[PDB]
Amino acid sequence: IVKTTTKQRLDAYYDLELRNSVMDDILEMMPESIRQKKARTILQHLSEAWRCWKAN
RNA sequence: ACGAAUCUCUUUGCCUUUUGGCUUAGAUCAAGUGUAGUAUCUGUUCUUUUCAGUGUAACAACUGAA
């Protein structure tokens, strides 16, 4: 049961694709060894930064 | 003195959930009064000269002059 993207669940999907898309880049930049806690932390910086953009 | 093992200690290094997501911050909402009375923290001043009176269980405290 793969559920299509519709009006109600649009912007949730937009979130999900954005978060993945950022982890891809930043993980492809860093040298190597440790990610996952670091992976989690980077995304919190993202969302915080978006909130800052809305509030100017 | 030296190859050199083990326990103790400092440092460098290593590090743990180093917040689960999303939207219109997702939205909205919040403290009674009066009369009498006690308890308990902190701050500030004094252990500093004699004698005479008031005072006190005794001090203390208060009141005068060298």
# chains A, B, ... in the order shown; residues from 1 in each chain; ligands from 1
call {"tool": "interface_residues", "arguments": {"of": "chain A", "to": "chain B", "cutoff": "8 Å", "atoms": "only C-alpha atoms (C1' of nucleotides)", "output": "PDB file with N, CA and C atoms, in the first residue's frame"}}
result
ATOM      1  N   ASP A  11       3.031  18.910   2.527  1.00  0.00           N
ATOM      2  CA  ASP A  11       4.195  19.579   3.139  1.00  0.00           C
ATOM      3  C   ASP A  11       4.985  18.716   4.132  1.00  0.00           C
ATOM      4  N   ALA A  12       4.380  17.641   4.595  1.00  0.00           N
ATOM      5  CA  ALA A  12       5.128  16.657   5.348  1.00  0.00           C
ATOM      6  C   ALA A  12       6.183  16.000   4.435  1.00  0.00           C
ATOM      7  N   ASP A  15       9.032  18.334   3.786  1.00  0.00           N
ATOM      8  CA  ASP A  15       9.995  18.221   4.884  1.00  0.00           C
ATOM      9  C   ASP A  15      10.912  17.057   4.647  1.00  0.00           C
ATOM     10  N   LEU A  16      10.371  15.872   4.545  1.00  0.00           N
ATOM     11  CA  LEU A  16      11.162  14.654   4.514  1.00  0.00           C
ATOM     12  C   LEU A  16      12.219  14.689   3.386  1.00  0.00           C
ATOM     13  N   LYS A  37      25.016  10.615  15.455  1.00  0.00           N
ATOM     14  CA  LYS A  37      24.679  11.628  16.440  1.00  0.00           C
ATOM     15  C   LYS A  37      24.914  12.997  15.829  1.00  0.00           C
ATOM     16  N   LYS A  38      25.981  13.058  15.032  1.00  0.00           N
ATOM     17  CA  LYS A  38      26.367  14.262  14.308  1.00  0.00           C
ATOM     18  C   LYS A  38      25.311  14.484  13.243  1.00  0.00           C
ATOM     19  N   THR A  41      22.354  16.033  14.862  1.00  0.00           N
ATOM     20  CA  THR A  41      22.587  17.377  15.347  1.00  0.00           C
ATOM     21  C   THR A  41      22.533  18.388  14.207  1.00  0.00           C
TER      22      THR A  41
END
call {"tool": "residues_around", "arguments": {"residues": "residue 20 in chain A", "least_positions_apart": "5", "cutoff": "12 Å", "atoms": "only C-alpha atoms (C1' of nucleotides)", "output": "JSON, numbers by chain"}}
result
{"A": [13, 14, 15, 25, 26, 27, 39, 40, 42, 43, 46], "B": [21]}
call {"tool": "write_last_selection", "arguments": {"atoms": "N, CA, C and O atoms (P, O5', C5', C4', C3', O3' and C1' of nucleotides)", "output": "PDB file, in the first residue's frame"}}
result
ATOM      1  N   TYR A  13       5.766  15.633   3.232  1.00  0.00           N
ATOM      2  CA  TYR A  13       6.703  15.051   2.293  1.00  0.00           C
ATOM      3  C   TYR A  13       7.794  16.035   1.896  1.00  0.00           C
ATOM      4  O   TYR A  13       8.978  15.642   1.752  1.00  0.00           O
ATOM      5  N   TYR A  14       7.430  17.308   1.756  1.00  0.00           N
ATOM      6  CA  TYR A  14       8.416  18.329   1.461  1.00  0.00           C
ATOM      7  C   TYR A  14       9.470  18.369   2.544  1.00  0.00           C
ATOM      8  O   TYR A  14      10.691  18.433   2.258  1.00  0.00           O
ATOM      9  N   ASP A  15       9.032  18.334   3.786  1.00  0.00           N
ATOM     10  CA  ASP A  15       9.995  18.221   4.884  1.00  0.00           C
ATOM     11  C   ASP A  15      10.912  17.057   4.647  1.00  0.00           C
ATOM     12  O   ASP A  15      12.143  17.231   4.567  1.00  0.00           O
ATOM     13  N   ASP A  25      24.276  15.888   1.281  1.00  0.00           N
ATOM     14  CA  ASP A  25      25.382  16.800   0.989  1.00  0.00           C
ATOM     15  C   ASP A  25      26.383  16.856   2.136  1.00  0.00           C
ATOM     16  O   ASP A  25      27.579  16.553   1.953  1.00  0.00           O
ATOM     17  N   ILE A  26      25.909  17.170   3.321  1.00  0.00           N
ATOM     18  CA  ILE A  26      26.814  17.393   4.430  1.00  0.00           C
ATOM     19  C   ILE A  26      27.589  16.118   4.765  1.00  0.00           C
ATOM     20  O   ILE A  26      28.760  16.191   5.082  1.00  0.00           O
ATOM     21  N   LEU A  27      26.963  14.961   4.659  1.00  0.00           N
ATOM     22  CA  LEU A  27      27.698  13.729   4.866  1.00  0.00           C
ATOM     23  C   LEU A  27      28.688  13.502   3.746  1.00  0.00           C
ATOM     24  O   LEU A  27      29.708  12.825   3.980  1.00  0.00           O
ATOM     25  N   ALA A  39      24.840  13.398  12.644  1.00  0.00           N
ATOM     26  CA  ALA A  39      23.795  13.469  11.638  1.00  0.00           C
ATOM     27  C   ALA A  39      22.535  14.076  12.204  1.00  0.00           C
ATOM     28  O   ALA A  39      21.908  14.924  11.574  1.00  0.00           O
ATOM     29  N   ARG A  40      22.183  13.657  13.415  1.00  0.00           N
ATOM     30  CA  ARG A  40      20.990  14.170  14.086  1.00  0.00           C
ATOM     31  C   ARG A  40      21.165  15.643  14.421  1.00  0.00           C
ATOM     32  O   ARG A  40      20.219  16.406  14.296  1.00  0.00           O
ATOM     33  N   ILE A  42      23.023  18.016  13.047  1.00  0.00           N
ATOM     34  CA  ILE A  42      23.082  18.938  11.933  1.00  0.00           C
ATOM     35  C   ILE A  42      21.659  19.390  11.519  1.00  0.00           C
ATOM     36  O   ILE A  42      21.428  20.554  11.216  1.00  0.00           O
ATOM     37  N   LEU A  43      20.724  18.464  11.548  1.00  0.00           N
ATOM     38  CA  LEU A  43      19.372  18.751  11.164  1.00  0.00           C
ATOM     39  C   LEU A  43      18.713  19.731  12.143  1.00  0.00           C
ATOM     40  O   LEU A  43      17.924  20.578  11.729  1.00  0.00           O
ATOM     41  N   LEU A  46      19.595  22.969  11.039  1.00  0.00           N
ATOM     42  CA  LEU A  46      18.767  23.379   9.891  1.00  0.00           C
ATOM     43  C   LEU A  46      17.427  23.986  10.324  1.00  0.00           C
ATOM     44  O   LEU A  46      17.159  25.143  10.099  1.00  0.00           O
TER      45      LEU A  46
ATOM     46  P     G B  21      11.666  17.313  17.169  1.00  0.00           P
ATOM     47  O5'   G B  21      11.299  17.059  15.633  1.00  0.00           O
ATOM     48  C5'   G B  21      12.334  17.091  14.647  1.00  0.00           C
ATOM     49  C4'   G B  21      11.791  16.814  13.267  1.00  0.00           C
ATOM     50  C3'   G B  21      10.771  17.797  12.763  1.00  0.00           C
ATOM     51  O3'   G B  21      11.436  18.904  12.178  1.00  0.00           O
ATOM     52  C1'   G B  21      10.038  15.565  12.325  1.00  0.00           C
TER      53        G B  21
END
call {"tool": "select_by_dssp", "arguments": {"residues": "chain A", "states": "helix (DSSP H, G or I)", "output": "PyMOL selection string"}}
result
chain A and resi 10-29+36-54
call {"tool": "decode", "arguments": {"residues": "range 1-46 of chain A", "atoms": "N, CA and C atoms", "output": "PDB file, in the first residue's frame"}}
result
ATOM      1  N   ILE A   1       0.810  -1.217   0.000  1.00  0.00           N
ATOM      2  CA  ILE A   1       0.000   0.000   0.000  1.00  0.00           C
ATOM      3  C   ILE A   1       0.848   1.273   0.000  1.00  0.00           C
ATOM      4  N   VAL A   2       1.394   1.611  -1.145  1.00  0.00           N
ATOM      5  CA  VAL A   2       2.090   2.883  -1.282  1.00  0.00           C
ATOM      6  C   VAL A   2       1.135   4.023  -1.489  1.00  0.00           C
ATOM      7  N   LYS A   3       1.147   4.984  -0.574  1.00  0.00           N
ATOM      8  CA  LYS A   3       0.126   6.022  -0.575  1.00  0.00           C
ATOM      9  C   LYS A   3       0.594   7.274  -1.267  1.00  0.00           C
ATOM     10  N   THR A   4      -0.216   7.753  -2.192  1.00  0.00           N
ATOM     11  CA  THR A   4       0.162   8.872  -3.000  1.00  0.00           C
ATOM     12  C   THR A   4       0.275  10.177  -2.208  1.00  0.00           C
ATOM     13  N   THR A   5       0.939  11.143  -2.805  1.00  0.00           N
ATOM     14  CA  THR A   5       1.033  12.473  -2.233  1.00  0.00           C
ATOM     15  C   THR A   5      -0.143  13.283  -2.642  1.00  0.00           C
ATOM     16  N   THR A   6      -0.854  13.815  -1.664  1.00  0.00           N
ATOM     17  CA  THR A   6      -2.076  14.538  -1.912  1.00  0.00           C
ATOM     18  C   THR A   6      -2.024  15.870  -1.234  1.00  0.00           C
ATOM     19  N   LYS A   7      -3.145  16.574  -1.213  1.00  0.00           N
ATOM     20  CA  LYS A   7      -3.156  17.886  -0.629  1.00  0.00           C
ATOM     21  C   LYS A   7      -2.859  17.859   0.849  1.00  0.00           C
ATOM     22  N   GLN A   8      -3.388  16.884   1.580  1.00  0.00           N
ATOM     23  CA  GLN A   8      -3.230  16.933   3.032  1.00  0.00           C
ATOM     24  C   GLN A   8      -1.814  16.632   3.438  1.00  0.00           C
ATOM     25  N   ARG A   9      -1.190  15.662   2.767  1.00  0.00           N
ATOM     26  CA  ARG A   9       0.117  15.270   3.158  1.00  0.00           C
ATOM     27  C   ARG A   9       1.233  15.716   2.327  1.00  0.00           C
ATOM     28  N   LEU A  10       0.991  16.782   1.623  1.00  0.00           N
ATOM     29  CA  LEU A  10       2.048  17.416   0.875  1.00  0.00           C
ATOM     30  C   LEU A  10       3.222  17.874   1.728  1.00  0.00           C
ATOM     31  N   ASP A  11       3.031  18.910   2.527  1.00  0.00           N
ATOM     32  CA  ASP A  11       4.195  19.579   3.139  1.00  0.00           C
ATOM     33  C   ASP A  11       4.985  18.716   4.132  1.00  0.00           C
ATOM     34  N   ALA A  12       4.380  17.641   4.595  1.00  0.00           N
ATOM     35  CA  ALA A  12       5.128  16.657   5.348  1.00  0.00           C
ATOM     36  C   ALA A  12       6.183  16.000   4.435  1.00  0.00           C
ATOM     37  N   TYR A  13       5.766  15.633   3.232  1.00  0.00           N
ATOM     38  CA  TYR A  13       6.703  15.051   2.293  1.00  0.00           C
ATOM     39  C   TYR A  13       7.794  16.035   1.896  1.00  0.00           C
ATOM     40  N   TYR A  14       7.430  17.308   1.756  1.00  0.00           N
ATOM     41  CA  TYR A  14       8.416  18.329   1.461  1.00  0.00           C
ATOM     42  C   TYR A  14       9.470  18.369   2.544  1.00  0.00           C
ATOM     43  N   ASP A  15       9.032  18.334   3.786  1.00  0.00           N
ATOM     44  CA  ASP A  15       9.995  18.221   4.884  1.00  0.00           C
ATOM     45  C   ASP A  15      10.912  17.057   4.647  1.00  0.00           C
ATOM     46  N   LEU A  16      10.371  15.872   4.545  1.00  0.00           N
ATOM     47  CA  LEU A  16      11.162  14.654   4.514  1.00  0.00           C
ATOM     48  C   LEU A  16      12.219  14.689   3.386  1.00  0.00           C
ATOM     49  N   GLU A  17      11.818  15.129   2.199  1.00  0.00           N
ATOM     50  CA  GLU A  17      12.763  15.222   1.104  1.00  0.00           C
ATOM     51  C   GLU A  17      13.855  16.272   1.393  1.00  0.00           C
ATOM     52  N   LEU A  18      13.513  17.341   2.089  1.00  0.00           N
ATOM     53  CA  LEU A  18      14.507  18.339   2.385  1.00  0.00           C
ATOM     54  C   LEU A  18      15.544  17.808   3.353  1.00  0.00           C
ATOM     55  N   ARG A  19      15.099  17.151   4.407  1.00  0.00           N
ATOM     56  CA  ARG A  19      16.014  16.645   5.425  1.00  0.00           C
ATOM     57  C   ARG A  19      16.951  15.628   4.841  1.00  0.00           C
ATOM     58  N   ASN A  20      16.411  14.732   4.027  1.00  0.00           N
ATOM     59  CA  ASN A  20      17.290  13.746   3.358  1.00  0.00           C
ATOM     60  C   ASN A  20      18.300  14.443   2.469  1.00  0.00           C
ATOM     61  N   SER A  21      17.813  15.394   1.715  1.00  0.00           N
ATOM     62  CA  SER A  21      18.655  16.109   0.789  1.00  0.00           C
ATOM     63  C   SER A  21      19.774  16.865   1.469  1.00  0.00           C
ATOM     64  N   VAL A  22      19.596  17.248   2.705  1.00  0.00           N
ATOM     65  CA  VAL A  22      20.674  17.955   3.384  1.00  0.00           C
ATOM     66  C   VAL A  22      21.672  16.984   3.986  1.00  0.00           C
ATOM     67  N   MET A  23      21.191  15.907   4.577  1.00  0.00           N
ATOM     68  CA  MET A  23      22.099  14.912   5.092  1.00  0.00           C
ATOM     69  C   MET A  23      23.000  14.362   4.003  1.00  0.00           C
ATOM     70  N   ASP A  24      22.466  14.198   2.800  1.00  0.00           N
ATOM     71  CA  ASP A  24      23.294  13.719   1.700  1.00  0.00           C
ATOM     72  C   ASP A  24      24.504  14.602   1.488  1.00  0.00           C
ATOM     73  N   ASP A  25      24.276  15.888   1.281  1.00  0.00           N
ATOM     74  CA  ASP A  25      25.382  16.800   0.989  1.00  0.00           C
ATOM     75  C   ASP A  25      26.383  16.856   2.136  1.00  0.00           C
ATOM     76  N   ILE A  26      25.909  17.170   3.321  1.00  0.00           N
ATOM     77  CA  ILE A  26      26.814  17.393   4.430  1.00  0.00           C
ATOM     78  C   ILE A  26      27.589  16.118   4.765  1.00  0.00           C
ATOM     79  N   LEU A  27      26.963  14.961   4.659  1.00  0.00           N
ATOM     80  CA  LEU A  27      27.698  13.729   4.866  1.00  0.00           C
ATOM     81  C   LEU A  27      28.688  13.502   3.746  1.00  0.00           C
ATOM     82  N   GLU A  28      28.411  13.959   2.526  1.00  0.00           N
ATOM     83  CA  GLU A  28      29.395  13.787   1.469  1.00  0.00           C
ATOM     84  C   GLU A  28      30.537  14.761   1.541  1.00  0.00           C
ATOM     85  N   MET A  29      30.379  15.865   2.282  1.00  0.00           N
ATOM     86  CA  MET A  29      31.506  16.770   2.531  1.00  0.00           C
ATOM     87  C   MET A  29      32.517  16.310   3.596  1.00  0.00           C
ATOM     88  N   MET A  30      32.032  15.856   4.742  1.00  0.00           N
ATOM     89  CA  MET A  30      32.887  15.589   5.889  1.00  0.00           C
ATOM     90  C   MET A  30      33.841  14.438   5.619  1.00  0.00           C
ATOM     91  N   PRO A  31      34.996  14.396   6.326  1.00  0.00           N
ATOM     92  CA  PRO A  31      36.035  13.431   6.010  1.00  0.00           C
ATOM     93  C   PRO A  31      35.631  11.968   6.054  1.00  0.00           C
ATOM     94  N   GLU A  32      35.281  11.410   7.216  1.00  0.00           N
ATOM     95  CA  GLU A  32      34.822  10.010   7.216  1.00  0.00           C
ATOM     96  C   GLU A  32      34.015   9.522   8.420  1.00  0.00           C
ATOM     97  N   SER A  33      34.699   9.378   9.550  1.00  0.00           N
ATOM     98  CA  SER A  33      34.410   8.343  10.571  1.00  0.00           C
ATOM     99  C   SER A  33      33.081   8.308  11.354  1.00  0.00           C
ATOM    100  N   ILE A  34      32.595   9.448  11.827  1.00  0.00           N
ATOM    101  CA  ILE A  34      31.444   9.458  12.742  1.00  0.00           C
ATOM    102  C   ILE A  34      30.314  10.314  12.167  1.00  0.00           C
ATOM    103  N   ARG A  35      29.098   9.767  12.091  1.00  0.00           N
ATOM    104  CA  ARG A  35      27.978  10.538  11.537  1.00  0.00           C
ATOM    105  C   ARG A  35      26.720  10.693  12.419  1.00  0.00           C
ATOM    106  N   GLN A  36      26.194   9.587  12.941  1.00  0.00           N
ATOM    107  CA  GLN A  36      24.772   9.472  13.313  1.00  0.00           C
ATOM    108  C   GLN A  36      24.252  10.448  14.388  1.00  0.00           C
ATOM    109  N   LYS A  37      25.016  10.615  15.455  1.00  0.00           N
ATOM    110  CA  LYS A  37      24.679  11.628  16.440  1.00  0.00           C
ATOM    111  C   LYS A  37      24.914  12.997  15.829  1.00  0.00           C
ATOM    112  N   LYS A  38      25.981  13.058  15.032  1.00  0.00           N
ATOM    113  CA  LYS A  38      26.367  14.262  14.308  1.00  0.00           C
ATOM    114  C   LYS A  38      25.311  14.484  13.243  1.00  0.00           C
ATOM    115  N   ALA A  39      24.840  13.398  12.644  1.00  0.00           N
ATOM    116  CA  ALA A  39      23.795  13.469  11.638  1.00  0.00           C
ATOM    117  C   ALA A  39      22.535  14.076  12.204  1.00  0.00           C
ATOM    118  N   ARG A  40      22.183  13.657  13.415  1.00  0.00           N
ATOM    119  CA  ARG A  40      20.990  14.170  14.086  1.00  0.00           C
ATOM    120  C   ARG A  40      21.165  15.643  14.421  1.00  0.00           C
ATOM    121  N   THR A  41      22.354  16.033  14.862  1.00  0.00           N
ATOM    122  CA  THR A  41      22.587  17.377  15.347  1.00  0.00           C
ATOM    123  C   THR A  41      22.533  18.388  14.207  1.00  0.00           C
ATOM    124  N   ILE A  42      23.023  18.016  13.047  1.00  0.00           N
ATOM    125  CA  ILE A  42      23.082  18.938  11.933  1.00  0.00           C
ATOM    126  C   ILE A  42      21.659  19.390  11.519  1.00  0.00           C
ATOM    127  N   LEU A  43      20.724  18.464  11.548  1.00  0.00           N
ATOM    128  CA  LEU A  43      19.372  18.751  11.164  1.00  0.00           C
ATOM    129  C   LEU A  43      18.713  19.731  12.143  1.00  0.00           C
ATOM    130  N   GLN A  44      19.021  19.629  13.426  1.00  0.00           N
ATOM    131  CA  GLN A  44      18.507  20.596  14.378  1.00  0.00           C
ATOM    132  C   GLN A  44      19.010  22.002  14.066  1.00  0.00           C
ATOM    133  N   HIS A  45      20.239  22.122  13.596  1.00  0.00           N
ATOM    134  CA  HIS A  45      20.727  23.412  13.130  1.00  0.00           C
ATOM    135  C   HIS A  45      19.929  23.882  11.942  1.00  0.00           C
ATOM    136  N   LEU A  46      19.595  22.969  11.039  1.00  0.00           N
ATOM    137  CA  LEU A  46      18.767  23.379   9.891  1.00  0.00           C
ATOM    138  C   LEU A  46      17.427  23.986  10.324  1.00  0.00           C
TER     139      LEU A  46
END
